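Participant: This one is an experimental structure. Sequence first:
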There are 4 protein chains.
Amino acid sequence: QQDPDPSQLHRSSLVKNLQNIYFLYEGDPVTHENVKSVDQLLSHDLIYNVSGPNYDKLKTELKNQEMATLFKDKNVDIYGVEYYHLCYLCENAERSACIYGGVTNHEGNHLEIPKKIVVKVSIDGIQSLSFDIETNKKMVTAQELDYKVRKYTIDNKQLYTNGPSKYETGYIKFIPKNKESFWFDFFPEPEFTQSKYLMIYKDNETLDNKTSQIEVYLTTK
Amino acid sequence: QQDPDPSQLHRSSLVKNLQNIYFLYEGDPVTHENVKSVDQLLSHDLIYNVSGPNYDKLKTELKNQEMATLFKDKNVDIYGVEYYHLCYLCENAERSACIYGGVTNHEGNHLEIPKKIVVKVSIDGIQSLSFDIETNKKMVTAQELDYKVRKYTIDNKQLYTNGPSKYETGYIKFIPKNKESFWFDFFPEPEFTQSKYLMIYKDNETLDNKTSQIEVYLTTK
Amino acid sequence: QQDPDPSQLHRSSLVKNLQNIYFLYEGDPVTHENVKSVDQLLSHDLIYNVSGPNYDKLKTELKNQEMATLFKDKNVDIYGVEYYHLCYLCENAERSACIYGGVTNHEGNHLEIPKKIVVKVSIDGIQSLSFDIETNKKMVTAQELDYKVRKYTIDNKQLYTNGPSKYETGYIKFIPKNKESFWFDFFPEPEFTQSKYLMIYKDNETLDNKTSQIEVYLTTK
Amino acid sequence: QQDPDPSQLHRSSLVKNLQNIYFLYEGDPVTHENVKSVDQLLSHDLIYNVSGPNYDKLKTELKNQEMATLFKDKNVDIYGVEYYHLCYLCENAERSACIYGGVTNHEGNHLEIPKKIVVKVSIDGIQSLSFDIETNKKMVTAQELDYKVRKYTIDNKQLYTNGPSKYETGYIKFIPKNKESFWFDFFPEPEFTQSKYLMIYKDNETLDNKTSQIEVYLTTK
């Protein structure tokens, strides 16, 4: 996957209920240090018995079968954007939550001092600014970063607002010291659902913090 | 309806996930002063475009077609226990919230000084204690009360808990100065869902605060 | 419950997607002789491991907890109208099928020769005609009948169609030789769901064939 | 996508409720000659006001926004596998029915005489046999075929059955005269749902019949 063309980017203005994206990145993420799955619905998703403000259970649809089973019996670290509307678990569970990927091993992956990272932002071609974000994981979830990144630009540069966004088009780009570059369109298809958009974290992509970079691009358009 | 029999009272011990009742009466209720429905799904429910922490829309299932259509063009005050698991609205609605009944006119039904009402608590026959609860409405949603009443006992006499309850059988009894008397088992069937239990507030029973009395009967068993 | 008033009746002209009612009574009902529940979802419903063209599982929401348990270990004869839109069973079960009540014991309740019952139809004050319906059960589900009855009038007097109905109002009245009389409105509220209408059979009302009578009242209007 | 490895194939023995696959392929597919979409839920799916025995409406999730929109205003021919458990449409549509892909232009793409295509079957390495399948389309959905192929083997070589499979591993492979080859795993992961599986049809892959070939590999294992 190479750098996107200006004709592939979803434009905010078009998206219907866009606020439903706001809440995703404005509200705190789900975080759980060292845990282990318990039940699982489909051979490609895992469940965890963790609690939170709005949940007493949690599922995470991973890339596929092979991946799911791999973390079935491993103490992991979860960091994901959850969604509620259209989330399923135990035939008997109200107070469910859902996420995709965001799962990374625990032992031998949690650092000493948080390796901050520089996120370069480009508004209309010109590099207006840059900021920092932290992490603990030597190997972090693509997701994690994106959030922390967005969360910021959402509280300081009003990326998403309970309503129209200040930017027409925006995408986040990752640069692993050795792998290919990739990106996520900050905006959904005109008509979307939380569940459907959040599949951008399903591949549960992971990359070394120490060696990866991050570039953001937006259009004041 | 007349006073129950100790064999018709649901017993807490039996109830599975009982906490799902807890969260209902522990967390803040749904309040909305003077509003008017907008769209409506079924001829017996109305929708209100209100806002809350976890919702931007709201549905309320009432007794039937008649009643619904009755409050459609009327400004009203809403006060009700909301559930989330199994709540529907607009095909394009994420962040939904529901409730049963809990609707009362607004104009000419709001007092000056909150009329305080005394509830007589009886633990195992003996009238252990009594407490107060307020309102504003001349004609109150049976619901409202029930809530306020449970909320208290819960935070003070540990009615419901995030887990097993201290009590086994308990029910609230209302007594209208000229109407019959009725009650609501404080405990759902062994296997229930929020949406199903809360239906007790469907008839949207209303009564005059000035003349009506309340009694609660619990069992330490 | 006494005979209705011409203002309490629903009007087929109002009903939106009326066809959804057609099908219900057009297509074959659900029949299963001598069986036993297996699993159960909510304290007040039972699941049967039976099959039909479009289902390998079947749930039946009964009146209350009490009633449910009562048939949990009894060989019964099911006979009822099923619906698929909005039916829940096993977290893993696709091809579900739900119905309300329609459960009657099996042993010592089935006859030799079917007792034909006469239904008196009335179109606009005048008793235009009457026909016969069969059954085997000494004690039958209020349901069973109503179907057989409707079914008929639909293939012969086109009660329901894939669209507008020839009639505007109509209801079926049952007359137990000793109990009270009661009825069902042939037309739902203007905006309904199969699930929500079919509950008229939840009480699982049963009556003796030998002694009961049926009368229908329609309007050409 | 090159030929799979014997470790990448899902094994029926494992698969849970497997029958659910049977049904999809045992009962008639969904066909519609020359039609046009009307409404649409997500920017990447379309809806058609078509009628079948179990549906008065039909949705079809395609590859993405672009594709959908492309076929939005065109007379198309639908050919595809429909699943019901978990199919969504209009907030007011019961009797829904979904499918992925299976959409192809209509005008100029339909033939005179059905070009029969030969499929090569290989049971345990040996090509025990081969058979023919028809079609009208100059360009066919990968789907159509896969179905007809399976449907066949299913009534003649007991591929699937209302239960365990006579085979353990099987996949259909397609071969374009100028494009890359690919395949579909005849079996779902151990725990699946119709919805999820049928997705292998989402890319709405299409290809010229006159030049394409079909192979099938299974194992009696």
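Facilitator: Ah, there it is. Numbering: from 1, shown residues only, chains lettered A, B, ... in the order given.

Participant: How about the residues of chain A by chain D?
Facilitator: Residues of chain A found near chain D (CB under 8 Å from any CB of the partner chain) are A:10, A:40-44, A:64-65, A:189-193, A:196. In short, each C-beta sits where N, CA and C put it, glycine included.

Participant: mind giving me the domain split of chain A?
Facilitator: What the record gives for chain A is the domain set A:1-26+A:109-220, A:27-106, from curated CATH domains.

Participant: Identify the residue spatially nearest to the residue of chain A found nearest chain C, adjacent ones excluded.
Facilitator: The nearest approach of chain A to chain C comes at residue A:91, 3.2 Å away (CB to the nearest CB). The spatial neighbour of residue A:91 that comes closest, neighbours along the chain excluded (CB to CB, 6 or more residues apart in numbering or on different chains), is residue C:91 at 3.2 Å.

Participant: State the three-state secondary structure for the one you found.
Facilitator: Using DSSP: H, G, I helix; E, B strand; the rest coil, the secondary structure recorded for residue C:91 is coil.

Participant: before we move on, the earlier item: any chance of JSON lines for the domains of chain A, columns distance to residue D:70?
Facilitator: Putting these into JSON lines (distance: least, CB to CB, whole Å) gives the following:
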{"stretch": "domain A:1-26+A:109-220", "distance to residue D:70": "14"}
{"stretch": "domain A:27-106", "distance to residue D:70": "27"}
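
Participant: how about a markdown table for those, with mean neighbour count added?
Facilitator: Shown next, in a markdown table, are the domains of chain A (neighbours: other CB atoms under 10 Å in any protein chain shown):
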| stretch | mean neighbour count |
| --- | --- |
| domain A:1-26+A:109-220 | 17 |
| domain A:27-106 | 19 |
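
Participant: These: which one's closest to residue B:58?
Facilitator: Ranking the domains of chain A by their distance to residue B:58 (criterion: CB to CB) puts domain A:27-106 first, at 14.5 Å.

Participant: and of the domains of chain A, who's closest to residue B:86?
Facilitator: Proximity to residue B:86, assessed across the domains of chain A by CB to CB, is greatest for domain A:27-106 (7.4 Å).

Participant: Now do the end-to-end distance for the closest one.
Facilitator: The first residue of domain A:27-106 is 24 Å away from its last residue (CA to CA, to the nearest Å).

Participant: dump the residue contacts of the residue of chain A most remote from its centre.
Facilitator: Of all residues in chain A, residue A:92 has its C-alpha farthest from the mean position, at 27.8 Å, by CA atoms, centre = their mean. Contacts were defined as CB atoms under 8 Å, 6 or more residues apart in numbering or on different chains; by that measure residue A:92 touches B:16-17, B:191, C:91.

Participant: got the phi/psi numbers for the most centrally placed residue in chain A?
Facilitator: Centroid-nearest residue in chain A: residue A:143, 3.0 Å away (criterion: CA atoms, centre = their mean). Torsion angles at residue A:143 (phi, psi; degrees, to the nearest 10) stand at phi -50, psi -80.

Participant: same question, residue A:144
Facilitator: Torsion angles at residue A:144 (phi, psi; degrees, to the nearest 10) stand at phi -20, psi -70.

Participant: what residues are up against it?
Facilitator: Taking CB under 8 Å, 6+ apart, we find residue A:144 in contact with A:79, A:102, A:135, A:137.

Participant: just to confirm, which helix or strand has the first one in it?
Facilitator: So the one you mean is residue A:79. Here residue A:79 is covered by strand A:76-80, with elements defined by DSSP states H and E.

Participant: Return the distance of the closest residue in space to residue A:157 that isn't next to it in sequence relative to residue C:21.
Facilitator: Sequence neighbours aside, residue A:166 is the residue nearest to residue A:157 in space, at 7.3 Å (criterion: CB to CB, 6+ apart). Summarising the geometry, the distance separating residue A:166 from residue C:21, computed by CB to CB, to the nearest Å, is 50 Å.

Participant: before we move on, what about residue A:221?
Facilitator: 52 Å.

Participant: what do you get for residue A:121?
Facilitator: According to CB to CB, residue A:121 and residue C:21 sit 58 Å apart.

Participant: cool, residue A:189 as well?
Facilitator: In this structure, residue A:189 and residue C:21 are 36 Å apart, going by CB to CB.

Participant: How about residue A:191?
Facilitator: 31 Å.

Participant: Who are the contact partners of residue A:146?
Facilitator: Taking CB under 8 Å, 6+ apart as the criterion, residue A:146 is in contact with A:172, A:184, A:201.

Participant: returning to that earlier point: wait, the residue nearest to residue A:91 touches residue A:41, no?
Facilitator: Yes: in this structure, residue C:91 sits in contact with residue A:41. The criterion is CB atoms under 8 Å, and the distance is 7.3 Å.

Participant: contacting residues around residue A:190?
Facilitator: Residue A:190 sits next to A:10, A:14-16, D:43, D:65 when contact means CB under 8 Å, 6+ apart.

Participant: what ranges do the strands span in chain A?
Facilitator: Residue ranges of the strands in chain A, as given by DSSP state E, are A:30-35, A:45-48, A:58-61, A:76-80, A:98-100, A:103-105, A:117-123, A:126-133, A:139-141, A:169-175, A:182-185, A:206-208, A:213-219.

Participant: Can I get those strands in a markdown table including distance to residue C:206?
Facilitator: Shown next, in a markdown table, are those (distance: least, CB to CB, whole Å):
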| stretch | distance to residue C:206 |
| --- | --- |
| strand A:30-35 | 51 |
| strand A:45-48 | 43 |
| strand A:58-61 | 43 |
| strand A:76-80 | 52 |
| strand A:98-100 | 44 |
| strand A:103-105 | 54 |
| strand A:117-123 | 70 |
| strand A:126-133 | 67 |
| strand A:139-141 | 59 |
| strand A:169-175 | 64 |
| strand A:182-185 | 60 |
| strand A:206-208 | 62 |
| strand A:213-219 | 68 |
